Amino acid sequence: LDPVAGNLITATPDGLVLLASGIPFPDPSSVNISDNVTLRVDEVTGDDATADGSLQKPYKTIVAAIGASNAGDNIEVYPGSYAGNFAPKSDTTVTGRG
Amino acid sequence: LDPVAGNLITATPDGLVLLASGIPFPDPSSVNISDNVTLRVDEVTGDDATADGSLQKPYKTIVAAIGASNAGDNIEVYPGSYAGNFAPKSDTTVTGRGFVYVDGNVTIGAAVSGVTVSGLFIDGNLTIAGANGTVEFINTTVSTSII
Amino acid sequence: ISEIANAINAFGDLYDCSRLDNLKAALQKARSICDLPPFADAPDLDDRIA
Numbered sequence: 148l149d150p151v152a153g154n155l156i157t158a159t160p161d162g163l164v165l166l167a168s169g170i171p172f173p174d175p176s177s178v179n180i181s182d183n184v185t186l187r188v189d190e191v192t193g194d195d196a197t198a199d200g201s202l203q204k205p206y207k208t209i210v211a212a213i214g215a216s217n218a219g220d221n222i223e224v225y226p227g228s229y230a231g232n233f234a235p236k237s238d239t240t241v242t243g244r245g
Numbered sequence: 148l149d150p151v152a153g154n155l156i157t158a159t160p161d162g163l164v165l166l167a168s169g170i171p172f173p174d175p176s177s178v179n180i181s182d183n184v185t186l187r188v189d190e191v192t193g194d195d196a197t198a199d200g201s202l203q204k205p206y207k208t209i210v211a212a213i214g215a216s217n218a219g220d221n222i223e224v225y226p227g228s229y230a231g232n233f234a235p236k237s238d239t240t241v242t243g244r245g246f247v248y249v250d251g252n253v254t255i256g257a258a259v260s261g262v263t264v265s266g267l268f269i270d271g272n273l274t275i276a277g278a279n280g281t282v283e284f285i286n287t288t289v290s291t292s293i294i
Numbered sequence: 051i052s053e054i055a056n057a058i059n060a061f062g063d064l065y066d067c068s069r070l071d072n073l074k075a076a077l078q079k080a081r082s083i084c085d086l087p088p089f090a091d092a093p094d095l096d097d098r099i100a
């Protein structure tokens, strides 16, 4: 088996073994824009305790996003239902689409 | 000697050795959001043949998406030109972005309610018969007579 | 051969040289009512039911 560094093949006492787990998959291109300025909130696919508001992991509760909000942050909410009171910060915007 | 642990891709069939074939890639999908709640319409890239309302297979015509709409869904359009008559379903919405042109008539069906429209240039009549109220039109133009 | 294959793609379906039931599939879809396209306009009094 070739001594080149990039070789993937490997051997063991059981035999010549290989699974993709040892093969590196190139990482995908994460999509984001206005990432820290635009806090998306979605009932369908949100997860508050692990969401950052980005399209990759949008919030699920408006209140959670608002607390994390900052000056100039825009809190965008997609159609659906929500619950919980809150109090928006200064210099902020909210836009309930649909 | 080939291992049995299952961490293997070189299982050799008849013939000297297997080499390797299609391996189990992860297929990292693109972002999903409001998948079956909000729908997308476009002319540049949409294709109603296999459209789903997702950002990657948006509907190519307005009439197509409206047919598949469910109560509470939201139809979001993109700039371009679109043709075909239709009638929005009850408890739904339609939203526009930038310049938009529609070639057809729009009718509010019998007993419909909860509709909402905005930001569209309708190139035809707009009939309202058998409706049950609770409607709201905004930033719209009509080339003919509302009836 | 043309009169067969030409009918197989009657519903925009690729020919499959690995399967020997292609024409079968096309016939099945024909009866299926579940696959008809959903309408998107208000019905008129002069539209027929089946």
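Chains as they are written, first to last, in the deposited numbering: chain N, 148 to 245; chain O, 148 to 294; chain H, 51 to 100. The beta carbon of each residue, even a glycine, is placed where N, CA and C say it ideally should be.
Would residue i and residue j be called neighbours here (beta carbons separated by less than 8 Å)?
i, j, result
"N/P205", "N/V188", "yes"
"O/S237", "O/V264", "no"
"N/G231", "N/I209", "yes"
"N/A211", "N/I222", "no"
"O/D149", "N/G162", "yes"
"O/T239", "O/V262", "yes"
Against residue i, what residues of chain O qualify as contacts under a CB-to-CB distance less than 9 Å, listed in chain order?
i, result
"N/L186", "The contacting residues do not exist; N/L186 stays about 13 Å from chain O at best."
Between residue i and chain O, is there a C-beta pair that is closer than 8 Å?
i, result
"N/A167", "yes"
"N/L202", "yes"
"N/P150", "no"
"H/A75", "no"
"N/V224", "no"
"N/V191", "yes"
"N/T240", "no"
So which of the options has the shortest CA-CA distance to residue i?
i, options, result
"O/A167", "O/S176, O/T288, O/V247 and O/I156", "O/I156"
"N/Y229", "N/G243, N/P171, N/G214 and N/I170", "N/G243"
"N/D194", "N/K207, N/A212 and N/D161", "N/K207"
"N/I180", "N/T240, N/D220 and N/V241", "N/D220"
"H/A90", "O/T254, O/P175 and O/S292", "O/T254"
"N/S176", "N/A198, N/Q203 and N/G162", "N/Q203"
"residue 295 of chain O", "O/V241, O/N272 and O/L148", "Residue 295 of chain O is absent from the structure shown; chain O starts at 148 and stops at 294."
"H/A92", "O/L148, O/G277, O/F172 and O/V249", "O/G277"
"O/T274", "O/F246, O/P235 and O/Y248", "O/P235"
Contact criterion: CB-CB distance below 8 Å. Does residue i meet it with respect to chain N?
i, result
"O/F172", "yes"
"O/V178", "yes"
State yes or no: is the beta carbon of residue i nearer than 8 Å to at least one beta carbon in chain H?
i, result
"O/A198", "no"
"O/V210", "yes"
In chain O, what lies closer than 7 Å to residue i by C-beta?
i, result
"N/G162", "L148, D149 and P150"
In this structure, how does DSSP classify residue i when only helix, strand and coil are distinguished?
i, result
"residue 371 of chain O", "Residue 371 of chain O lies beyond the stretch modelled for chain O, which goes from 148 to 294, so this question has no answer here."
"H/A76", "helix"
"O/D250", "strand"
"O/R187", "strand"
Just to make sure I have the definition right: I need the residues of chain H whose C-beta is within less than 8 Å of the C-beta of residue i. Which are they?
i, result
"O/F233", "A90 and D91"
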